[PDB]
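Protein chains in written order, with the deposited numbering: chain k, 14 to 131; chain g, 4 to 154; chain i, 5 to 107; chain b, 1 to 57.
We treat Cβ as the ideally placed atom computed from N, Cα and C, and that holds for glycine.
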């Protein structure tokens, strides 16, 4: 009954305040996901490399039961946790397949808000 | 600046050990090293008497039990007052074990420091003990502060 | 008559290492007659055990000044110094101890 | 993000070595990181004349 996907793609959103790990299939259907908030980190430790590491580890050890043998990386967003995230993803044993050049880079878009000092 | 060296005196006829010499150096009050030496000798004798085993192995196991692996060091990065787990070098581990042993032994409360230290060495060889309460609290703090394993 | 001075913390060991059997006199007294707490007695012979000089020299000393511990330290220091001045062959070995502190 | 080009038969950090180098030639580090808070048109224009010339980056 369980669709045993052979390989999928992982979308990771790094931020200065949180890190989200989502594992998807070829069509982008949500397979498994985890975040620093789920691990237990409630303060600013969410965006830490260690928190990203734990989130990636949990996502990988959750998708291992779902069955995917390999995955693709689609990390995105600012932050320093993107390194420990991929490090844990590789250490988990689920070899990565490929990567993409996707990014939210806007040409002009809308003007950001006021700074944090005025 | 930089670190500094030091040394101690190992030879001790009753259960020869450098750590035993360091313990003798500890627990000493008012420059009375003879009192501490006698206390340690009599405590080890009581241990050997009550328990049919050499006090050296019991002391080694008590040290192995009480020695803390991880230390939780405070650090004030902004208005948060965070803490950072730290790996304790063997020297600091031994010194902390000696400190906890002596302190909790004298805190227990009995008719003689000899019996106090004997019962403390026993409750250290058997993980259930006062100094091991401190060890467990330190380990719990280090685990709760795992978020800052490294800056 | 080999001579030596075990100066340590105001306690001087006027030691004269002469060929004998191994008797150690402290201010005209016996080892046990003078120094209880024999924990230090075995320590006095630390160098005497590092180098084999068990019972070939006697130790006649007049230790003036210092407590029991300081007197024992001065005694062993003077013993080491006099033994070195007598036979410096083992100075290479005894340089790792020295026992000179200027205390 | 560095690129869509794939590399295998290397170590784990060998990939990050080229990631951190190839990410320089993309706006992931400048275009998507400067616009976190607004910048007035004047300072917006002066910032280019300052950086692109002084070579502070």
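- Please decide whether residue 103 of chain k counts as near chain b, where near means a Cβ-Cβ distance under 8 angstroms. Sequence index remark: in the first chain, residue 103 of chain k carries index 90 (1-based). It does: the Cβ of residue 103 of chain k has a partner Cβ on chain b nearer than 8 angstroms.
- Identify whether residue 83 of chain i lies in helix, strand or coil by the three-state DSSP scheme. The count along the third chain starts at 1 and reaches residue 83 of chain i at position 79. The answer is helix: DSSP assigns residue 83 of chain i an H, G or I state.
- Item | Simplified DSSP assignment, three categories, for residue 85 of chain k | What you label residue 85 of chain k is simply residue 72 of the first chain in a count that begins at 1. Here residue 85 of chain k sits in strand by DSSP.
- Message: Taking its Cβ as the centre, do 16 or more other Cβ atoms sit within 10 Å of residue 32 of chain g, making it buried, or is it exposed?
- Response: Position 29 of the second chain, counted from the start, is the residue given in the question as residue 32 of chain g. So residue 32 of chain g counts as exposed.
- Name the chain g residues that come within less than 9 angstroms of residue 47 of chain i, Cβ to Cβ? Within the third chain, residue 47 of chain i is the residue found at index 43, counting from 1. The answer, in chain order, is 12, 14.
- Message: Less than 6 angstroms between C-beta atoms, sequence neighbours within five positions excluded: which residues of the same chain meet that for residue 45 of chain g?
- Response: Here residue 45 of chain g corresponds to residue number 42 of the second chain, with the count starting at 1. The residues are 117.
- Item | Anticipated Cβ contact below 8 angstroms, residue 43 of chain g with residue 26 of chain g, distance rounded | As a position in the second chain, residue 43 of chain g is number 40, starting the count at 1. As a position in the second chain, residue 26 of chain g is number 23, starting the count at 1. About 7 angstroms; that satisfies the 8 angstroms criterion.
- Have a look at residue 107 of chain i and residue 70 of chain i and give me their C-alpha separation to the nearest angstrom. Locating residue 107 of chain i in the third chain gives position 103, where the first residue counts as 1. Locating residue 70 of chain i in the third chain gives position 66, where the first residue counts as 1. The alpha-carbon atoms of residue 107 of chain i and residue 70 of chain i are separated by roughly 12 angstroms.
- Item | residue 18 of chain b - DSSP class collapsed to helix/strand/coil | The residue labelled residue 18 of chain b in the question sits at position 18 within the fourth chain. It is helical.
- Item | Supposed contact pair residue 85 of chain k and residue 23 of chain k - C-beta distance, whole angstroms, cut 8 angstroms | Locating residue 23 of chain k in the first chain gives position 10, counting from the first residue. Locating residue 85 of chain k in the first chain gives position 72, counting from the first residue. Yes, they are in contact, since the Cβ atoms of residue 23 of chain k and residue 85 of chain k sit about 7 angstroms apart, within 8 angstroms.
- Task: Please state whether DSSP places residue 5 of chain i in a helix, a strand or coil.
- Result: As a working mapping, residue 5 of chain i is identified with position 1 in the third chain. Residue state, collapsed to three classes: coil.
- Query: So is residue 101 of chain i in contact with chain g if we call contact Cβ pairs under 8 angstroms?
  - Reply: Translated into the one-based positions of the third chain, residue 101 of chain i becomes position 97. It does not: the Cβ of residue 101 of chain i has no partner Cβ on chain g nearer than 8 angstroms.
- Task: Please indicate yes or no: does the CB of residue 144 of chain g lie closer than 7 angstroms to some heavy atom of the ligand FAD?
- Result: As far as ligands go, the structure on display features none, and thus does not contain the ligand FAD.
- Query: Excluding sequence positions up to five away, which residues of its chain have a Cβ less than 8 angstroms from the Cβ of residue 30 of chain k?
  - Reply: The residue you call residue 30 of chain k lines up with position 17 of the first chain. Within the same chain, residue 30 of chain k has close Cβ partners 57, 59, 60.
- Query: Which of the three DSSP states, helix, strand or coil, is assigned to residue 68 of chain i?
  - Reply: Position 64 of the third chain, counting from 1, holds the residue named residue 68 of chain i. Correct three-state label for residue 68 of chain i: strand.
- Please go through the same chain and pick out, in chain order, the residues whose beta-carbon is closer than 6 angstroms to the beta-carbon of residue 88 of chain k, but skip the five residues on each side of it. The sequence position of residue 88 of chain k within the first chain is 75, counting from 1. Hits under 6 angstroms: 25, 95.
- Task: Under 6 angstroms Cβ to Cβ from residue 75 of chain k, same chain only, skipping five residues before and after it: list those, please.
- Result: The residue you call residue 75 of chain k lines up with position 62 of the first chain. Contacts found: 45.
- State the Cα-Cα distance for the pair residue 40 of chain g and residue 67 of chain k, rounded to the nearest angstrom. Here residue 40 of chain g is taken as the residue at index 37 of the second chain, counted from 1. Here residue 67 of chain k is taken as the residue at index 54 of the first chain, counted from 1. About 51 angstroms.
- Query: Can you list the residues of chain g that residue 28 of chain k reaches, using a CB-CB cut of under 9 angstroms?
  - Reply: For the purposes of this step, residue 28 of chain k is identified with residue 15 of the first chain, where counting begins at 1. None at all; the shortest Cβ gap to chain g is about 17 angstroms.
- Item | Extent of the continuous beta strand (DSSP E) run through residue 54 of chain b | Reading the fourth chain from its first residue, position 54 is the one you call residue 54 of chain b. From DSSP, residue 54 of chain b is part of no beta strand (DSSP E) but of the alpha helix (DSSP H) over 41-54.
- Item | Helix, strand or coil at residue 62 of chain i according to DSSP, with G and I counted as helix | Reading the third chain from its first residue, position 58 is the one you call residue 62 of chain i. In the structure shown, residue 62 of chain i sits in a strand (DSSP, three-state: E or B).
- Message: Only counting the same chain, and skipping five residues up and downstream in sequence, which positions put a Cβ closer than 6 angstroms to that of residue 151 of chain g?
- Response: One-based indexing of the second chain puts residue 151 of chain g at position 148. Cβ neighbours of residue 151 of chain g beyond the five flanking positions: 87.
- Task: Would you kindly report the start and end of the unbroken beta strand (DSSP E) that includes residue 27 of chain k?
- Result: Here residue 27 of chain k refers to the residue found at position 14 when the first chain is read from its first residue. First-last of the beta strand (DSSP E) with residue 27 of chain k: 20-27.
- Message: DSSP three-state label for residue 12 of chain i, please.
- Response: Mapped onto the third chain, residue 12 of chain i falls at position 8. Residue state, collapsed to three classes: strand.
- residue 60 of chain b to residue 57 of chain g, Cα distance in whole Å? Here chain b has residues from 1 to 57 only, and residue 60 of chain b is not among them.
- Task: Would you kindly check if the distance between the Cβ of residue 20 of chain k and the Cβ of residue 83 of chain k is under 8 angstroms?
- Result: Against the first chain, residue 83 of chain k aligns to sequence position 70. Against the first chain, residue 20 of chain k aligns to sequence position 7. In this structure, residue 20 of chain k lies closer than 8 angstroms to residue 83 of chain k by Cβ.
- Relative to the alpha-carbon of residue 121 of chain g, which residue among g:7, g:47, g:13, g:11 has its alpha-carbon at the smallest distance? To locate residue 121 of chain g, count along the second chain from 1; it is residue 118. The candidate whose alpha carbon is nearest that of residue 121 of chain g is g:47.
- Message: residue 72 of chain i and residue 88 of chain i - do their beta-carbons sit closer together than 8 angstroms?
- Response: Residue mapping note: residue 88 of chain i aligns to position 84 of the third chain, counting from 1. Residue mapping note: residue 72 of chain i aligns to position 68 of the third chain, counting from 1. No. Outside cutoff.
- Query: Is the CB of residue 36 of chain b under 8 angstroms away from at least one CB in chain k?
  - Reply: Your numbering for residue 36 of chain b matches position 36 in the fourth chain. Interface residue, yes.
- Message: Once DSSP output is grouped into helix, strand and coil, what is the label at residue 49 of chain i?
- Response: Within the third chain, residue 49 of chain i is the residue found at index 45, counting from 1. Residue state, collapsed to three classes: coil.
- Task: Count the CB pairs spanning the region 88-99 of chain g and the region 124-132 of chain g that are closer than 8 angstroms, and state whether there are at least three.
- Result: no
- Query: From the beta carbon of residue 108 of chain g, is the nearest beta carbon of chain k less than 8 angstroms away?
  - Reply: Within the second chain, numbered from 1, the residue matching residue 108 of chain g stands at position 105. Taking Cβ atoms only, chain k never reaches closer than 8 angstroms to residue 108 of chain g, which makes this a no.
- Message: For residue 63 of chain k and residue 98 of chain k, I'd like the C-alpha separation in whole angstroms.
- Response: Residue numbering aside, residue 63 of chain k sits at position 50 when the first chain is read from its first letter. Residue numbering aside, residue 98 of chain k sits at position 85 when the first chain is read from its first letter. Rounded to whole angstroms, residue 63 of chain k to residue 98 of chain k spans 8 angstroms at the Cα level.
- Task: Starting from the Cα of residue 123 of chain k, find the closest Cα among b:19, b:38, b:26, b:1 and give me that residue.
- Result: The sequence position of residue 123 of chain k within the first chain is 110, counting from 1. Out of b:19, b:38, b:26, b:1, b:38 has the C-alpha closest to the C-alpha of residue 123 of chain k.
- Task: Entirely within the region 40-124 of chain g and at least 3 residues each: give me those beta strand (DSSP E) ranges in chain order.
- Result: 73-78, 85-90
- Query: Do the CB positions of residue 12 of chain g and residue 24 of chain g come within less than 8 angstroms of each other?
  - Reply: The count along the second chain starts at 1 and reaches residue 12 of chain g at position 9. The count along the second chain starts at 1 and reaches residue 24 of chain g at position 21. Yes, the pair counts as a contact, with Cβ atoms nearer than the cut-off.
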